[PDB]
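Right, one structure below, let's go through it.
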């Protein structure tokens with residue numbers, strides 16, 4: 001299946017920190033067992049949110065293919081960080 005993770009970041013963050021904020025998901029995935037070596041299995045894709053509603057705020061969206069049970073924790077580890085406003089998961093496939 002395919003799951004999508006939508007990050008909402010504090011306005012105090014930077015576009016250069018989008019890689020230091022998502023790294024909690026990189027570590028979450030790393031802990032889940034998803035690596036670049038088997039990225040052919042886990043269809044990961046990271047991109048910024050073009051449809052933000054707060055110009056001053058930041059939003060970062062990326063897709064994975066992991067069990068929902070740990071995609072909720074994928075998001076949990078992200079939103080856990082104080083820099084992050086909130087992270088919500090939406091199932092795609």
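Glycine also receives a Cβ, built like all others from the backbone with ideal geometry; neighbour counts cover every protein chain displayed. Rule-based calculations on the coordinates, nothing more; no lab input.
For this structure, a couple of remarks:
- The slack between residue 38 and residue 92, meaning 0.36 nm per residue of separation minus the straight C-alpha distance, is 17.4 nm.
- Each pair of Cα atoms in the chain enters the Kirkwood radius, and Stokes-Einstein at 4 °C and 1.567 mPa s then converts it into a translational diffusion coefficient of 99 µm²/s.
- Residues of region 72-93 with amide N under 20 Å of the 7 Å Cα→Cβ point at residue 30: 72-84
- Alpha-carbon centroids, region 69-93 and region 7-63: separation in whole Å: 10 Å
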